[PDB]
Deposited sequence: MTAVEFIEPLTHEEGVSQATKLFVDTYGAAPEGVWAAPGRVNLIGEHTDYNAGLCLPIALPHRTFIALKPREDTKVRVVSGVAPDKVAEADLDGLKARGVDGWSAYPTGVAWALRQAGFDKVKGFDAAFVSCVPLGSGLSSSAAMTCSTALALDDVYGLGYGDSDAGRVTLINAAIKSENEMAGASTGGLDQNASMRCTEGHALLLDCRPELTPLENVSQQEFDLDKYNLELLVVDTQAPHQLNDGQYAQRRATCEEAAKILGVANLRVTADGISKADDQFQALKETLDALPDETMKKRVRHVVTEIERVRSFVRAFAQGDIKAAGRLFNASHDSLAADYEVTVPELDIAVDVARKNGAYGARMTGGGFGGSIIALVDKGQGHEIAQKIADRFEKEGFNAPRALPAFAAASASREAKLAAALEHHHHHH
């Protein structure tokens, strides 16, 4: 057997060099520059973004690097190191929603979304992508691709949104619109906010209430693992990839209609404020027509409050309490939200039995990755324990990634 694999992040120099070479090898011309956007892990606050709740992601050091040059025509050519001989070409002139096939829908839909927003200066482009964000592993390769493309287009077309946090929200909404309306993948905004608004050494406490301005809806929460002698273990289970996500949103929207609220954040805040939170929840669930919907509402309400509990626990250096909150977030996703699979649940169980302060699935679920707060120096040991258990179970070998709170998207070269 081979020891469990760790996926190292591309350095600045590596990502620039590789993206530039693929661009020149593909297109002949030099790119105007290279931009990049990171993947992410959500620390806690899962299935809450589309309920107007609270989330707490970090940006991974793993980035997608885009080499880009604008075109004077409306042609879009993209290529990726995943399949470097296969250039995808589309045209923006008259392009409609779902008018692009395959991965190229993600970058092309970002230029489409900016033109739909009235950015008529945005024409076509050539791009080459090189990434170390694994595809389809619940680490947000999709946002790293759409956000890197949005920051690059904003830069070359001089739209003036990329150089401020608030201005990045315009680029975020174009990234979300690309993925929702061009690629046809429902996204709630956690991942794109992480990729373009996280900061090094911090977690992004994101308030997803849709009426808030950009300066109102984020606060940078110190997330210095070294201060507490900790490591954040991230393990991509590599469980075989899997409209269950549609059904979860639909159930939450129906719950909010029955309650007479705009969103379950309203519900959760009313329960949170009660002296008797147990009775406030019971009265809410009593209003709901069926046992499954009650489970879904119980998850979103308890999970929004766990985000505030986590932010408090971590600031107090109470790592045991922070871990317990990871644990409770996982258990809620497994039992009440029903979005776990055996690989996630067994990886988490191995982490918990091997000294993790806590461990949980991250992202949407149904596969993908787990995270665990562990003592510094224990991440390899716990990863290898998960890989040894995975082989005993007949599962695909997992892989791990080093993780700490890294920088958001940026221009890498010009």
For this session: Walk along the deposited sequence from position 1 and note every stretch that has no C-alpha coordinates.
Result: 243 to 245, 418 to 429
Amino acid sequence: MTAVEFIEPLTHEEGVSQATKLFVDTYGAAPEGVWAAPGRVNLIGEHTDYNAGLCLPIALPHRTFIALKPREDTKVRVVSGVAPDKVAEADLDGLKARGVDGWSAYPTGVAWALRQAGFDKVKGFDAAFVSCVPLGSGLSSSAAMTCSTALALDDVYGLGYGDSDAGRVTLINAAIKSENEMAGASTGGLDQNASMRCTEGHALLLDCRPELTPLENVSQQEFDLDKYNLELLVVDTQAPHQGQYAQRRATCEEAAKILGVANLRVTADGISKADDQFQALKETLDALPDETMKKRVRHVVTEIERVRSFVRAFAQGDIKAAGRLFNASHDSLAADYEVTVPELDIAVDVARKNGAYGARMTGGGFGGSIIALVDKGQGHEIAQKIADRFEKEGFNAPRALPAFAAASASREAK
From here on, numbers count along this sequence of modelled residues.
Exercise. Averaging C-alpha B-factors over each stretch, which comes out higher, 287 to 295 or 263 to 271?
Worked result: 287 to 295
For this session: Determine, for stretches 132 to 140 and 181 to 189, which one has the higher mean CA B-factor as deposited.
Result: 181 to 189
Exercise. Between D155, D318, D101, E216, which one tops the list for C-alpha B-factor in the PDB entry?
Worked result: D101
Exercise. Which one of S148, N327, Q244, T340 shows the biggest C-alpha B-factor in the PDB entry?
Worked result: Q244
For this session: Just say lowest, middle or highest third for the CA B-factor of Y357 relative to the other modelled residues in its chain.
Result: middle
For this session: Could you say whether, by C-alpha temperature factor, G94 belongs to the lowest, middle or highest third of its chain?
Result: highest
Exercise. Which third of the chain does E303 land in by C-alpha B-factor: lowest, middle or highest?
Worked result: lowest
Seminar exercise, completed: Of the three thirds of the chain ranked by Cα temperature factor, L10 occupies the highest
For this session: Consider only the C-alpha atoms of the modelled residues in this chain, order them by B-factor as the entry records it, and name the third containing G118: lowest, middle or highest.
Result: highest
